[PDB]
Amino acid sequence: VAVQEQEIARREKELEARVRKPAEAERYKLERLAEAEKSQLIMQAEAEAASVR
Amino acid sequence: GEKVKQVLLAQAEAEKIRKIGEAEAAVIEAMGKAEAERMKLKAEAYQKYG
Numbered sequence: 265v266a267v268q269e270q271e272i273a274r275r276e277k278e279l280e281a282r283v284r285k286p287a288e289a290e291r292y293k294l295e296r297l298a299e300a301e302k303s304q305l306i307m308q309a310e311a312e313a314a315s316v317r
Numbered sequence: 303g304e305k306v307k308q309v310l311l312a313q314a315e316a317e318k319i320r321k322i323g324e325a326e327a328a329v330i331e332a333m334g335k336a337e338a339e340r341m342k343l344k345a346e347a348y349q350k351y352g
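So this is what it looks like as structure tokens:
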């Protein structure tokens with residue numbers, strides 16, 4: 265029982281590094297990569313619009 | 303790099319259409335004046351036919 269009372273404190277740290285931290289890193293990646301996709305599409309839109317006018 | 307390139311080449315396409323349009327207008331105008339001289343001379347000669 266004492267061994268598993270320490271297994272709790274274990275998983276609480278392992279899960280932070282295995283489950284939480286990478287999901288949080290993925291969120292930051294997705295956000296700053298989305299700004300780049302948007303930036304390229306607005307610049308491309310302006311180019312196509314200028315080419316038409 | 304994609305934007306500046308597309309814009310520069312779109313201006314080239316527009317410059318070509320404008321230059322060709324102006325050259326064409328000068329030819330159409332000149333050709334009309336020459337053709338009108340045919341019609342006038344042909345008429346001034348035909349009007350005298352017996």
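First to last, the protein sequences are chains B and A.
Here the first sequence is numbered in the deposited numbering, starting from 265 and rising by one per residue.
Here the second sequence is numbered in the deposited numbering, starting from 303 and rising by one per residue.
The beta-carbon is built from N, C-alpha and C at its ideal position, and this holds for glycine as well.
Within the segment 312-341 of chain A, complete beta strand (DSSP E) segments of at least 3 residues are not found at all. Secondary structure at B:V283: helix, using DSSP grouped into helix, strand and coil.
Excluding sequence positions up to five before and after A:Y351, its CB lies less than 6 angstroms from no other CB in the same chain. What B:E310 touches in chain A, judged by beta-carbon distance under 9 angstroms, is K305 and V309, going in chain order. DSSP places B:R317 outside both helix and strand once states are collapsed to three, so it counts as coil.
Chain-ordered, the chain B residues with CB closer than 7 angstroms to the CB of A:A312 read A314 and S315.
Taking the Cβ atoms as the reference, A:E304 lies roughly 7 angstroms from B:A311, within the contact range of under 8 angstroms.
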